[PDB]
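Contents: one structure, followed by commentary.
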Amino acid sequence: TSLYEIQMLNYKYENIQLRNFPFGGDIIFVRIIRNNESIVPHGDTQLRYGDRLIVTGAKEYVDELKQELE
Amino acid sequence: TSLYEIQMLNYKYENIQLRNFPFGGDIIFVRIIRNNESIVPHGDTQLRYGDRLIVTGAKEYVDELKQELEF
Ligand SMILES: Nc1ncnc2c1ncn2[C@@H]1O[C@@H]2COP(=O)(O)O[C@H]3[C@@H](O)[C@H](n4cnc5c(N)ncnc54)O[C@@H]3COP(=O)(O)O[C@H]2[C@H]1O
């Protein structure tokens, strides 16, 4: 698998924009599924509680990010 | 999530930075496969001749990118 899904269930990251997010490693947000819509994420895209994040990167950082976010 | 592969066959864009690419649409480069390895693309990342660009986004702009990069 190369596309992983992570739930954004951490209140500490609400309204935090991708351009300021402190990534656990080399990761790109491929899509964010929010309110039944699939968004192509960019720098000023803000995380929201309940977001379904579709991410790609090495399993390590993905796992790392997963722990912090959900 | 649809991903599309685009070959970087246009020397016009070689060495150009992702932060400096003129995007005319809603698109993200999910992966670049370069020198037999699969890499995660960022702002500094350069397009290099022969790159296999894996992209996601508005299909209309994917199509324009394919014109620019591999036609
Ligand atoms: N995979 C990709 N596909 C297409 N273009 C790409 C790209 N990765 C980087 N870029 C382009 O480079 C900018 C520079 O990227 P950078 O990684 O330095 O700087 C970024 C980055 O760390 C964060 N960001 C934006 N989108 C992101 C994403 N999908 N995943 C992770 N971080 C993102 O916001 C900073 C400013 O974002 P902004 O989009 O307004 O500005 C973008 C975008 O035009």
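Chain A is the first sequence line, chain B the second, and so forth, proteins listed ahead of strands; every chain is numbered from 1. First listed ligand is number 1; within each ligand, the first listed atom is number 1.
The closest approach between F23(B) and ligand 1 falls below 4.0 Å for a heavy atom of the residue.
Close approach of ligand 1 to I28(A) (heavy-atom distance below 4.0 Å) involves ligand atoms 1 (N), 28 (C), 30 (N), 31 (C).
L18(B) O, 3.7 Å is the protein heavy atom nearest to atom 11 (C) of ligand 1. Regarding atom 24 (N) of ligand 1, its nearest protein heavy-atom neighbour is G43(A) CA, 3.6 Å.
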| task | Would you please test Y61(A) and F23(A) for ring-ring contact (aromatic ring centres under 6.0 Å, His included) and show each step? | result | CA-CA 8 Å; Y61(A) 326 113; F23(A) 305 96; over 10 Å; no
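The 12-atom threshold is not exceeded at OH of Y11(A), counting heavy atoms of other residues, nucleotides or ligands nearer than 6.0 Å. Counting heavy-atom neighbours within 6.0 Å of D44(B) CG, excluding the residue itself, gives a total above 12. Taking a 6.0 Å sphere around CD of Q67(A), one finds it holds 12 or fewer heavy atoms contributed by other residues, nucleotides or ligands.
For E70(B) (side chain) and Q7(B) (main-chain N/O), a donor-acceptor pair under 3.5 Å exists by modelled atom type. Of the possible polar contacts, one joining the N10(A) side chain to the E68(A) backbone as a donor-acceptor pair under 3.5 Å is found.
Note that atom 5 (N) of ligand 1 has protein non-hydrogen atoms nearby, at separations under 4.0 angstrom. Protein heavy atoms are absent from the space less than 4.0 angstrom from atom 42 (C) of ligand 1. There is no protein heavy atom less than 4.0 angstrom from atom 20 (C) of ligand 1.
Between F29(A) and ligand 1, at least one N/O pair is under 3.5 Å apart. Looking at ligand 1, you'll find an N or O of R19(A) within less than 3.5 Å of one of its N or O atoms.
Listed here is the closest heavy atom pair of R34(A) and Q46(A): NH2-O, 2.5 Å.
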